[PDB]
Amino acid sequence: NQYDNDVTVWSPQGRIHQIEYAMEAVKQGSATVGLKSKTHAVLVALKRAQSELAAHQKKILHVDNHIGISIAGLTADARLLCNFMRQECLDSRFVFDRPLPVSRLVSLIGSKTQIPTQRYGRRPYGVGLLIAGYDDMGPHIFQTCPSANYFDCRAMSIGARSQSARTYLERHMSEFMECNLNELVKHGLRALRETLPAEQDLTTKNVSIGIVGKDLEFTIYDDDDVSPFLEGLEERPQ
Amino acid sequence: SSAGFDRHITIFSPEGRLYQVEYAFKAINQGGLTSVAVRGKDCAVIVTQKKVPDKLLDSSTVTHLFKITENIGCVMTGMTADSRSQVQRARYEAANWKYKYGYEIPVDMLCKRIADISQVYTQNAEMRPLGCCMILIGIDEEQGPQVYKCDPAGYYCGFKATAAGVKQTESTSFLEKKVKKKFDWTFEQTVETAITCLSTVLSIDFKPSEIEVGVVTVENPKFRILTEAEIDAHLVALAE
Amino acid sequence: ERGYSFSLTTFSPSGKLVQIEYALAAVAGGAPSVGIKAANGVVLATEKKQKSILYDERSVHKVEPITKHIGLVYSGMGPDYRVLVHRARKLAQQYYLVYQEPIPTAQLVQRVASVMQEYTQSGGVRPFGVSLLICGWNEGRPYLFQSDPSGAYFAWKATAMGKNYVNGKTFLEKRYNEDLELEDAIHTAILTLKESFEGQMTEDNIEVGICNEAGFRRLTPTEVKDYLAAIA
Amino acid sequence: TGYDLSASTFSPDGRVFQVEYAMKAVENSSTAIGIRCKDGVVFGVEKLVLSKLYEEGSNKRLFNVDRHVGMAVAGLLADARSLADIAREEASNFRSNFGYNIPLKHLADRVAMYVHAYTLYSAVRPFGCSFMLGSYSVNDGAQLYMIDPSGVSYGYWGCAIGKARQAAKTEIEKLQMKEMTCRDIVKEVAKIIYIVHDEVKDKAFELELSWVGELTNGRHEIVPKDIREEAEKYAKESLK
Amino acid sequence: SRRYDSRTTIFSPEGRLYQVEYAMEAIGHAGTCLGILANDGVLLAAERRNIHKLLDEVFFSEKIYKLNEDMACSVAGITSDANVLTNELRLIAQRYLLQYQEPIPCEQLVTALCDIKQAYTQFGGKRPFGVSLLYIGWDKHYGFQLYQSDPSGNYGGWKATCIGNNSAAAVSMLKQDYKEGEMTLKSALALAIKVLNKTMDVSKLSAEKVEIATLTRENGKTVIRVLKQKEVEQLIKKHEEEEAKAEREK
Amino acid sequence: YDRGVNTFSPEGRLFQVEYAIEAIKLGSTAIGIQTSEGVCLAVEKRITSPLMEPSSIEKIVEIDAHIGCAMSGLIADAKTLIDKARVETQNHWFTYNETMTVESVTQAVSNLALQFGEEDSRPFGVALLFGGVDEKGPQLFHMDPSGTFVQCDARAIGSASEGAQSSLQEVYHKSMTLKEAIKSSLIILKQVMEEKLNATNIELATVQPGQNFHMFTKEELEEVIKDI
Amino acid sequence: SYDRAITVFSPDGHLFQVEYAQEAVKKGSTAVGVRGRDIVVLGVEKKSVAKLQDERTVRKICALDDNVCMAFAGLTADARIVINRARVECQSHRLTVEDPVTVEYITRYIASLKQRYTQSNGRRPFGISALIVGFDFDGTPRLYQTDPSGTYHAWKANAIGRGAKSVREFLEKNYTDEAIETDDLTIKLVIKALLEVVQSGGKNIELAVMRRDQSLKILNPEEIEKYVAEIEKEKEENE
Amino acid sequence: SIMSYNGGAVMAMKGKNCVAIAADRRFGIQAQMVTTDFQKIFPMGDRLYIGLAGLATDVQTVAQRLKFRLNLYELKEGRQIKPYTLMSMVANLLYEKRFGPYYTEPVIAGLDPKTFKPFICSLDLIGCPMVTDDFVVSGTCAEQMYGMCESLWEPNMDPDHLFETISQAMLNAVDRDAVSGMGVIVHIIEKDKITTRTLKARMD
């Protein structure tokens, strides 16, 4: 256990435990779900609150005209990588005068997070990214990790009790590719209503949805343009 | 006598020791490798075996004989990374000598610079002291051929019958029993004594495909790596 | 590197610096040497036994000139010794750049001891296990300066450093005196070195440098075998 | 025990446990082999789908460093991404500074020195990567190298990195490697990867095959494996 | 990297300081020095460490360092550790003179050196200067002076100073035999001879074991007298005649 | 030294940030309430000596002409934060001829709430209540040492904040008025403090869209106190 | 620099160095100070000289400008650094805006310096606590104190050093607005507070004042003797 | 010239066993004098002076800088300085401003510290030393003092005729000069003592 101190120390079983600890710290964020169609990439998160009176901590935040990211974990490192993200977008927007393809941006993010996991004197980033974007080959749903082993998927779900949501993604990943936005979004919250305990229901104010489409600029919605999305449901089979 | 953190860093111990460097003098011994140098007359001979159990592994790129400059060769033991890094540093300081001073570097000055860099790594802590040993050979005018050895500690020396690696207490015992009869060394004598001393150490008496022979002579001062055919020629020439 | 920059050498509850005392012990576990200041010259002499019969005595040289008139020997570890030799060389040549005159030995010992003192205090590096014996014939009067790893220095009429240096010192006090010549100093220096060395002592076991007023001189094994072939 | 913490220290018997721990980190990673024919080098990586959540074509471990060079990594993936960026940068420097293609020997030596520099100090950890380097040039032929986590880089004809390090190269060495062009070697690598671990520990894997050589005219890319579909119709004939 | 840090500056588990107290105890096992009350003139006393017979003594100063033209200093502790401070100190005085072309008024000199010492007390985390050292000198604003630096950086202007375990009893003799008004250098030399006669364990006080230097004002000059041996010898004979005078009470 | 500055947990979050959230608790309490009429704000000075002059102790400081503040726990770290936030609002005015709004203020603060770093120093030990009036009316903002900044309707900080938040949730609703909220706040103040409530204990700070200047009440506070 | 923090938080939310290094100030020389309506009075105790030596250099009360006055506790060296720094600072304020320096500005400087000195990378915080007395704005008498954390804190009277609880408890009876507010009685009753020290030798008293328009004046132990005599006279009159 | 911005003339002259250095007293701006007691001859230890001429800024500056380095050396070593060492030091100090040059022509005159050997030398504004045995001159007027010294110098001279020779040379060569005059100071030194005489120069 005395080798279980710092980022630099390898294990005598090879598994550097700081990255495992950062993973488990990412697991204790809010739940979130990101999934794409052939033409529309929708990411759906869930908010929590500190108390009754306070507002909810926001998760789905804007990045650029075709990029919006979800998040889980710490918010300071989140806003730090958000600053870097916006910077890297606007830099190529300045130089090449084109929007960035998503994959090279996520390569830049992984290379950015490579250094603080590699030397001594920095920590890995508690971070929960779900990136949705549009290059010329359409929507992409990427996720990252504090180990920077970023993945491309067709539907991920990270955060608290996200595994049952992944079972839902398994049993409807055939269905996902074909449909339009409405039932896509209600599949998304038909994952999130299983991210919750069954003795309560998903209300308006706690949920947030971000859509980007191949002609649609990335737009965030909260309770007012989500009241149309919350109807069209039945109860859970109690 | 482990006082303070003398098992960990470059500090002085009680009674006068420091363990990090005298742990590095057996950092050569994990190589499983053996090297012999000979200088008796106006030629100078290196010999060192390989150990390749694989058919999938090559044979050309496995050689430890490293042409530093056109007149200076060397051979390495110990672990490979430290050896090759030391090799690039040696080449770099040789080219720097040629640029600054206008003429070819002598093997003496170069080994002294390598030992100085070894001290520089030795001096600060938080720095790993490069567990490889370097033997250099070359011809100098008005002195003939030269043999030098470089320690990890930065203690270089230059001497005739030379051997470092795994088994060289025995090799130096053979060379004390051998370099005492006052015979001359007419270059077949040198090659024959080198191969036979490595043959008395390892007791294998093997093919010409295992040892690499590095030679340099005052007839052609260029460094020269021997070919399979002439190694076989010398081998069957000492086969009686 | 990172530049961690802290020194490992801090004070004891006794007030001592145990790394420096260990470095002095590591010096004392080194090769013997003898240096004697006579009435006209100074004699340096070391004791160099090769580990095998394979080593050559033409490559490594203990006795070392710093200028053409300043000899310098040690008792310790050559890898540190060469470093501070080279430092002293560059330092003396900077002096000769500024003043266009040969640097005096006191000035050498000031500057070298300041550098060594700086290594005793600066960050993380070990001190240098070398005890110098610096000398030279500057302005008629010759000098003899011993230094140490602690950065300090002294001035001896005659001294010794290395194995059984106290025994050599006690022989020096009875045998050596204030006024002799360079030859008699060489004689008693070889006597006190041969008091403590091994039995097989030849023209290659020792290495002797003298300091005339004509300058520093490094003797050859030719004249050593002229002299040390049963000097008494 | 106690010595194994820092990456600058030695052991009481003489090795660095940090580098050893980094070496056996790659042991649990996926199996990645590579073999050269007489006019090209063929890569191959046993890649595994986790359960159902991948896309068959993300995070490809077959990288592509230079116009004629690509990597075949195994171990930690993000560390491999960083290492490949270093190699891309180095080949870019050489192309800029000399105006032609980097030779594979010099490239691998620069990479090996970079790896060694990350093995020296205590400020950084050693890498958890083990990768392949393939080449083809008309004046050079086919060259295949191999880099451990420590930094020892030399040449092969065939190799394997992963669990079945021995278990693949047992029957790699019975392949008639010289007399075959790479178009046979494609289905050879296919049968090698398919033989090791069909269903025992896991449920499903997936094949990628990189492909450099004379048939590509010195280009390096993945095969259109779906063109000529050489695994499966030979895979089902390889279970008997 | 962070399990190799020493304490290096930090306060105790109980409220006190570590390196400062250990620096004081490093001072305590050194040579003995003192200075006297003289209205005209001021003096220093010093004890020879390493009085072995095979030295050269050609430096004319083993503890004294004539630092300005009107100031020297004794010293006690680690030697070249102090030689660094002598170099820097002479440098600071000389750049003062470069800036003004008027000699240094010696208290801001002392504060400059004390700030050098204090800068390694708080941050910098290196081995602190375990050297206390005296000050003699003269000026335009107070005349003859005496000062006592400490590794803390605290400095005291005394009229009769203090070194450690060898000299705590010396300060006891200084208080029990305090003088005032008599600026006579020779009575002060007899006093200092008496003080080192008690405190040093050198039996009957051979002059090879001691060292005295003074600083008198001569007509525009403030010369620094590192006096020779014969007058010390007759001073010792004077003091032992005074011992005979003391045992006239038997 | 017991897993310090730069280490996660086997189960959860960082050590020293959790220790900062613990270190907030010893501070003196404060209560802000957002009303659409304007933001009111209160604090307790915790004065010990009669020598301790009351009006020199600052808790509510003034960031801009329409932005208040409140602090907790430590003092001078909060003073440095106040200084830099003032500088950044003035820079925003300098390059924009307008008012840096309250959220942008708090983002400019929380961008280095966690930039604690000793290599390549310690995290700050103060929780802050921010009140201001943007173009969207009044705002009430609550931040923390960990940078996790949120909007609160009526936040209570520091010591005894559990019962403070509870009994504050008892009386609050959306359509409160100003003076009602003020007296309801000082009720909770004199329920959580230990001394008698008088002219020197607490201080009020009220900002209105029409009363942008003078976010303070001075000795009319005595009249406000005597009405309970 | 040294990448190591001295100021890590506790498990329960404290600092192991700041509130801990206040104990060095607690183990120091005592010094009190009040502000009257026109004359300010302060002074240190515990001269503790060897009764044969000098004390004109061991002076613990100094000035930065002609209008402000100093004091400290703890160890003297950190106080020396802070004093020279603050002299440079107030004279550089004179280089700026041409007012005499307000006391609040210079105390903000001192406390801010000490704070950002505690915040930085591996630096031992100043174990002092100063007392900063001055009357600048129309001669309004003020005194501020510091803290090793760096929290300036305005008072009307003050007690630091050894046994300051006992001194403030003498001040408890000595808080009267009357106190009959002459300059001499204010000075002598501050002298009675400093003579409520744990030893009270009477001659170890070092007191100096300022009349809010003049400069610093050091007293003489014969007027202090008259003050001690009239204090004993009032103690006889109460009987 | 810029050397003729403030006038100035320094003459040194080697006698038999003694050395005489003299300079002019005048200081002022281009056409306007100011004072008659400006210092250009500085004592550098015992039996060894230095003279500086040219721009008075560099005169006082380099005088202070050399005094700085000289006192540093004389405290690092208990002996006093030898004149060749002083010459090398001045050469280094001028050469450090190879492209930022002081506008001065230093003249060094001192005896031997051990014997009664005299020494004279002069430098350039960049540090080119020059040792002679008869005389070295500097300042604005050159050819005047060259002609006079090549007219009046003898090799083996008692201090009296040395004094009279250097006096007549300086007086006539200054009276012919325009921007440099207004009194002359003379330092005539030897092993035994130091004489400083002032001449009744033409104040025109």
# chains A, B, ... in the order shown; residues from 1 in each chain; ligands from 1
$ select_by_dssp --residues "range 24-234 of chain D" --states "strand (DSSP E)" --output "number ranges by chain"
D: 32-37, 40-48, 74-75, 129-137, 141-147, 153-155, 158-161, 205-208, 210-213, 220-222
$ interface_residues --of "chain B" --to "chain E" --cutoff "10 Å" --atoms "only C-alpha atoms" --output "mmCIF file with N, CA and C atoms, in the first residue's frame"
data_model
loop_
_atom_site.group_PDB
_atom_site.id
_atom_site.type_symbol
_atom_site.label_atom_id
_atom_site.label_comp_id
_atom_site.auth_asym_id
_atom_site.auth_seq_id
_atom_site.Cartn_x
_atom_site.Cartn_y
_atom_site.Cartn_z
ATOM 1 N N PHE B 5 19.651 7.599 4.628
ATOM 2 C CA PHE B 5 19.049 6.963 3.466
ATOM 3 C C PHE B 5 20.136 6.559 2.487
ATOM 4 N N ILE B 9 20.144 6.971 -2.115
ATOM 5 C CA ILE B 9 20.659 8.087 -2.880
ATOM 6 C C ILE B 9 22.168 8.182 -2.696
ATOM 7 N N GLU B 126 18.917 12.099 -7.499
ATOM 8 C CA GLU B 126 17.761 11.981 -8.409
ATOM 9 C C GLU B 126 18.172 11.695 -9.853
#
$ residues_around --residues "residue 136 in chain C" --least-positions-apart "5" --cutoff "6 Å" --atoms "only C-alpha atoms" --output "list in words"
residues 69, 70, 142 and 143 of chain C
$ atom_distance --atom1 "CA of residue 112 in chain D" --atom2 "CA of residue 164 in chain B"
25.0 Å
$ closest_residue --among "D:124, D:16, D:189, D:65" --to "chain A" --atoms "only C-alpha atoms"
D:124
$ residues_around --residues "residue 9 in chain G" --least-positions-apart "4" --cutoff "7 Å" --atoms "only C-alpha atoms" --output "PDB file with N, CA and C atoms, in the first residue's frame"
ATOM      1  N   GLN F  16      -7.381  17.642   0.375  1.00  0.00           N
ATOM      2  CA  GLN F  16      -7.209  18.980   0.912  1.00  0.00           C
ATOM      3  C   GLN F  16      -8.399  19.867   0.585  1.00  0.00           C
ATOM      4  N   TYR F  19     -10.705  19.017   3.235  1.00  0.00           N
ATOM      5  CA  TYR F  19     -10.254  19.700   4.437  1.00  0.00           C
ATOM      6  C   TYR F  19     -10.589  21.182   4.395  1.00  0.00           C
TER       7      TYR F  19
ATOM      8  N   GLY G  13      -9.340  20.926   9.667  1.00  0.00           N
ATOM      9  CA  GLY G  13      -9.536  22.255   9.134  1.00  0.00           C
ATOM     10  C   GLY G  13      -8.724  23.367   9.761  1.00  0.00           C
ATOM     11  N   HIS G  14      -7.516  23.091  10.226  1.00  0.00           N
ATOM     12  CA  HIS G  14      -6.644  24.109  10.786  1.00  0.00           C
ATOM     13  C   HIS G  14      -5.376  24.222   9.957  1.00  0.00           C
ATOM     14  N   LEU G  15      -4.548  25.185  10.335  1.00  0.00           N
ATOM     15  CA  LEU G  15      -3.205  25.331   9.801  1.00  0.00           C
ATOM     16  C   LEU G  15      -2.189  25.006  10.884  1.00  0.00           C
TER      17      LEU G  15
END
$ residues_around --residues "range 93-101 of chain D" --least-positions-apart "5" --cutoff "10 Å" --atoms "only C-alpha atoms" --output "ChimeraX atom specification"
/D:66-68,87-88,106-107,137
$ interface_residues --of "chain F" --to "chain A" --cutoff "7 Å" --atoms "only C-alpha atoms" --output "list in words"
residues 6, 7, 8, 9, 10, 11, 12, 13, 114, 119, 147, 148, 150, 151, 152, 153 and 154 of chain F
$ write_last_selection --atoms "C-alpha atoms" --output "mmCIF file, in the first residue's frame"
data_model
loop_
_atom_site.group_PDB
_atom_site.id
_atom_site.type_symbol
_atom_site.label_atom_id
_atom_site.label_comp_id
_atom_site.auth_asym_id
_atom_site.auth_seq_id
_atom_site.Cartn_x
_atom_site.Cartn_y
_atom_site.Cartn_z
ATOM 1 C CA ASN F 6 -2.044 16.136 -4.898
ATOM 2 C CA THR F 7 -3.677 12.792 -4.181
ATOM 3 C CA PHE F 8 -7.138 11.343 -4.700
ATOM 4 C CA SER F 9 -9.018 8.971 -2.427
ATOM 5 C CA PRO F 10 -9.552 5.236 -2.833
ATOM 6 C CA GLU F 11 -13.278 5.966 -2.682
ATOM 7 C CA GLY F 12 -13.780 9.638 -3.448
ATOM 8 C CA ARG F 13 -12.473 13.148 -3.965
ATOM 9 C CA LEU F 114 -8.701 25.966 -7.840
ATOM 10 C CA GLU F 119 4.943 22.789 -8.630
ATOM 11 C CA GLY F 147 -14.919 26.257 -7.293
ATOM 12 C CA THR F 148 -18.276 24.459 -7.436
ATOM 13 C CA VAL F 150 -24.060 27.567 -7.986
ATOM 14 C CA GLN F 151 -26.993 29.984 -7.853
ATOM 15 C CA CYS F 152 -28.799 30.038 -4.515
ATOM 16 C CA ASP F 153 -32.122 31.633 -3.677
ATOM 17 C CA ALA F 154 -31.230 32.066 -0.006
#
$ interface_residues --of "chain E" --to "chain G" --cutoff "6 Å" --atoms "only C-alpha atoms" --output "list in words"
residues 122, 123, 153, 154, 158 and 159 of chain E
$ closest_atom_pairs --of "chain C" --to "chain G" --cutoff "8 Å" --atoms "only C-alpha atoms" --output "tab-separated table"
residue	atom	partner	partner_atom	distance
C:3	CA	G:1	CA	7.9
C:4	CA	G:2	CA	6.3
C:5	CA	G:2	CA	7.0
C:6	CA	G:2	CA	7.7
$ residues_around --residues "residue 173 in chain H" --least-positions-apart "6" --cutoff "8 Å" --atoms "only C-alpha atoms" --output "PyMOL selection string"
chain H and resi 141+144-145+148
$ write_last_selection --atoms "C-alpha atoms" --output "mmCIF file, in the first residue's frame"
data_model
loop_
_atom_site.group_PDB
_atom_site.id
_atom_site.type_symbol
_atom_site.label_atom_id
_atom_site.label_comp_id
_atom_site.auth_asym_id
_atom_site.auth_seq_id
_atom_site.Cartn_x
_atom_site.Cartn_y
_atom_site.Cartn_z
ATOM 1 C CA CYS H 141 47.495 68.808 -26.561
ATOM 2 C CA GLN H 144 53.394 70.404 -27.810
ATOM 3 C CA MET H 145 54.477 68.140 -24.981
ATOM 4 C CA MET H 148 59.129 69.803 -25.399
#
$ interface_residues --of "chain C" --to "chain E" --cutoff "9 Å" --atoms "only C-alpha atoms" --output "short mmCIF file (atom, residue, chain, number, x, y, z; two decimals) with N, CA, C and O atoms, in the first residue's frame"
data_model
loop_
_atom_site.label_atom_id
_atom_site.label_comp_id
_atom_site.auth_asym_id
_atom_site.auth_seq_id
_atom_site.Cartn_x
_atom_site.Cartn_y
_atom_site.Cartn_z
N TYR C 4 15.24 20.61 -7.52
CA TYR C 4 14.65 20.49 -6.19
C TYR C 4 15.37 21.38 -5.18
O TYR C 4 14.73 21.92 -4.26
N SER C 5 16.69 21.50 -5.29
CA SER C 5 17.50 22.59 -4.76
C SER C 5 17.65 22.64 -3.25
O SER C 5 18.06 23.68 -2.74
N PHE C 6 17.32 21.60 -2.50
CA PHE C 6 17.61 21.63 -1.07
C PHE C 6 18.89 20.86 -0.77
O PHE C 6 19.25 19.92 -1.48
N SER C 7 19.58 21.28 0.28
CA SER C 7 20.80 20.62 0.72
C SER C 7 20.48 19.47 1.64
O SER C 7 19.56 19.54 2.47
N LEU C 8 21.25 18.40 1.51
CA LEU C 8 21.08 17.23 2.36
C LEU C 8 21.78 17.38 3.70
O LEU C 8 21.55 16.56 4.60
N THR C 9 22.62 18.39 3.86
CA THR C 9 23.52 18.51 5.00
C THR C 9 22.96 19.55 5.96
O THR C 9 23.05 20.75 5.71
N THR C 10 22.40 19.08 7.08
CA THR C 10 21.84 19.95 8.10
C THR C 10 22.39 19.57 9.46
O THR C 10 23.01 18.52 9.64
N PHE C 11 22.13 20.43 10.44
CA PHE C 11 22.80 20.34 11.72
C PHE C 11 22.22 19.25 12.60
O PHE C 11 21.02 18.97 12.57
N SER C 12 23.09 18.65 13.40
CA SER C 12 22.71 17.64 14.37
C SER C 12 22.28 18.31 15.66
O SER C 12 22.49 19.50 15.86
N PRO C 13 21.64 17.56 16.56
CA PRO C 13 21.51 18.06 17.94
C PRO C 13 22.84 18.25 18.63
O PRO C 13 22.96 19.13 19.50
N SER C 14 23.85 17.46 18.27
CA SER C 14 25.21 17.75 18.71
C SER C 14 25.79 18.95 17.99
O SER C 14 26.79 19.51 18.44
N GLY C 15 25.20 19.35 16.86
CA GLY C 15 25.70 20.45 16.08
C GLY C 15 26.64 20.05 14.98
O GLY C 15 27.23 20.93 14.34
N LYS C 16 26.79 18.76 14.71
CA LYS C 16 27.75 18.28 13.75
C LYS C 16 27.11 18.15 12.37
O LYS C 16 25.90 18.29 12.20
N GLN C 110 42.17 30.15 -1.61
CA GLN C 110 40.98 30.95 -1.35
C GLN C 110 39.85 30.59 -2.31
O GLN C 110 38.76 30.20 -1.89
N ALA C 113 38.82 26.69 -2.28
CA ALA C 113 38.13 26.39 -1.05
C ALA C 113 36.76 27.04 -1.01
O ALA C 113 35.83 26.48 -0.43
N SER C 114 36.61 28.20 -1.65
CA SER C 114 35.30 28.82 -1.73
C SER C 114 34.35 28.00 -2.59
O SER C 114 33.18 27.82 -2.24
N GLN C 117 33.56 24.78 -0.52
CA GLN C 117 32.60 25.24 0.48
C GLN C 117 31.21 25.45 -0.11
O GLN C 117 30.21 25.12 0.53
N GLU C 118 31.15 25.98 -1.33
CA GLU C 118 29.86 26.17 -1.97
C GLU C 118 29.20 24.84 -2.28
O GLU C 118 27.98 24.70 -2.13
N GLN C 121 27.37 23.41 0.76
CA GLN C 121 26.14 24.05 1.19
C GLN C 121 25.03 23.97 0.17
O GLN C 121 23.86 23.94 0.55
N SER C 122 25.35 23.90 -1.12
CA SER C 122 24.34 24.00 -2.17
C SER C 122 23.49 22.73 -2.23
O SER C 122 23.64 21.79 -1.45
N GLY C 123 22.56 22.69 -3.18
CA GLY C 123 21.47 21.75 -3.13
C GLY C 123 21.74 20.31 -3.54
O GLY C 123 22.09 20.04 -4.70
N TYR C 143 55.42 27.54 -0.47
CA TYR C 143 54.28 27.35 0.41
C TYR C 143 53.78 25.91 0.33
O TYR C 143 54.18 25.15 -0.55
N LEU C 144 52.90 25.56 1.27
CA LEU C 144 52.36 24.21 1.34
C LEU C 144 51.00 24.28 2.02
O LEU C 144 50.92 24.54 3.22
N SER C 150 35.77 19.85 3.99
CA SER C 150 34.95 20.83 4.68
C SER C 150 35.08 22.24 4.12
O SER C 150 34.45 23.15 4.65
N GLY C 151 35.89 22.44 3.09
CA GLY C 151 36.13 23.76 2.59
C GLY C 151 37.21 24.52 3.31
O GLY C 151 37.65 25.56 2.81
N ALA C 152 37.66 24.04 4.46
CA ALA C 152 38.70 24.72 5.20
C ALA C 152 40.05 24.50 4.54
O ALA C 152 40.18 23.79 3.54
N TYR C 153 41.08 25.11 5.12
CA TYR C 153 42.44 24.90 4.64
C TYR C 153 43.41 25.27 5.74
O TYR C 153 43.03 25.80 6.78
N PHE C 154 44.68 24.96 5.49
CA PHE C 154 45.73 25.17 6.48
C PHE C 154 47.03 25.51 5.79
O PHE C 154 47.05 25.86 4.60
N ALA C 155 48.13 25.42 6.53
CA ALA C 155 49.46 25.60 5.98
C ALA C 155 50.42 24.82 6.85
O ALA C 155 50.58 25.14 8.02
N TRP C 156 51.06 23.81 6.28
CA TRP C 156 51.87 22.88 7.04
C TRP C 156 53.33 23.03 6.67
O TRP C 156 53.66 23.39 5.54
N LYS C 157 54.21 22.73 7.62
CA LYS C 157 55.61 22.57 7.27
C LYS C 157 55.84 21.25 6.57
O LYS C 157 56.70 21.17 5.68
N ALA C 158 55.08 20.23 6.95
CA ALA C 158 55.07 18.89 6.38
C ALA C 158 53.88 18.16 6.97
O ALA C 158 53.52 18.39 8.12
N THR C 159 53.26 17.28 6.18
CA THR C 159 52.07 16.58 6.62
C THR C 159 51.91 15.30 5.81
O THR C 159 52.75 14.96 4.98
N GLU C 173 57.20 14.16 12.61
CA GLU C 173 57.52 15.12 13.65
C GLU C 173 58.89 14.83 14.25
O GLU C 173 59.65 15.76 14.55
#
$ residues_around --residues "residue 221 in chain A" --least-positions-apart "6" --cutoff "9 Å" --atoms "only C-alpha atoms" --output "tab-separated table (two decimals) with C-alpha atoms, in the first residue's frame"
chain	number	residue	atom	x	y	z
A	208	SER	CA	-31.30	18.85	-19.61
A	209	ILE	CA	-30.89	17.89	-23.27
A	210	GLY	CA	-28.44	19.06	-25.94
A	211	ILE	CA	-29.02	18.33	-29.64
$ interface_residues --of "chain B" --to "chain C" --cutoff "7 Å" --atoms "only C-alpha atoms" --output "PyMOL selection string"
chain B and resi 10-16+119+123-125+154-155+157-161+176
$ interface_residues --of "chain D" --to "chain A" --cutoff "8 Å" --atoms "only C-alpha atoms" --output "PDB file with C-alpha atoms, in the first residue's frame"
ATOM      1  CA  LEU D   5       9.638   2.965  -5.221  1.00  0.00           C
ATOM      2  CA  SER D   6      11.866   5.406  -7.054  1.00  0.00           C
ATOM      3  CA  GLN D  18      10.297   0.200 -11.952  1.00  0.00           C
ATOM      4  CA  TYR D  21       6.966  -3.476 -13.431  1.00  0.00           C
ATOM      5  CA  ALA D  22       6.498  -1.368 -16.549  1.00  0.00           C
ATOM      6  CA  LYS D  24       4.983  -6.669 -17.210  1.00  0.00           C
ATOM      7  CA  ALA D  25       2.262  -4.055 -17.562  1.00  0.00           C
ATOM      8  CA  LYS D  52     -21.260  -4.616 -27.442  1.00  0.00           C
ATOM      9  CA  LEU D  53     -20.401  -0.950 -27.081  1.00  0.00           C
ATOM     10  CA  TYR D  54     -17.544  -0.340 -29.527  1.00  0.00           C
ATOM     11  CA  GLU D  55     -17.958   0.525 -33.233  1.00  0.00           C
ATOM     12  CA  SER D  58     -12.295   3.200 -33.354  1.00  0.00           C
ATOM     13  CA  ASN D  59      -9.009   3.577 -31.364  1.00  0.00           C
ATOM     14  CA  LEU D  77      -3.071   3.289 -25.260  1.00  0.00           C
ATOM     15  CA  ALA D  78      -2.715   6.974 -24.355  1.00  0.00           C
ATOM     16  CA  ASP D  79       0.974   6.500 -23.599  1.00  0.00           C
ATOM     17  CA  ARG D  81      -0.529   8.003 -28.539  1.00  0.00           C
ATOM     18  CA  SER D  82       2.019  10.301 -26.907  1.00  0.00           C
ATOM     19  CA  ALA D 123      10.672  12.702 -12.070  1.00  0.00           C
ATOM     20  CA  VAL D 124       8.882  10.475 -14.586  1.00  0.00           C
ATOM     21  CA  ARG D 125       7.778   6.944 -14.867  1.00  0.00           C
TER      22      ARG D 125
END
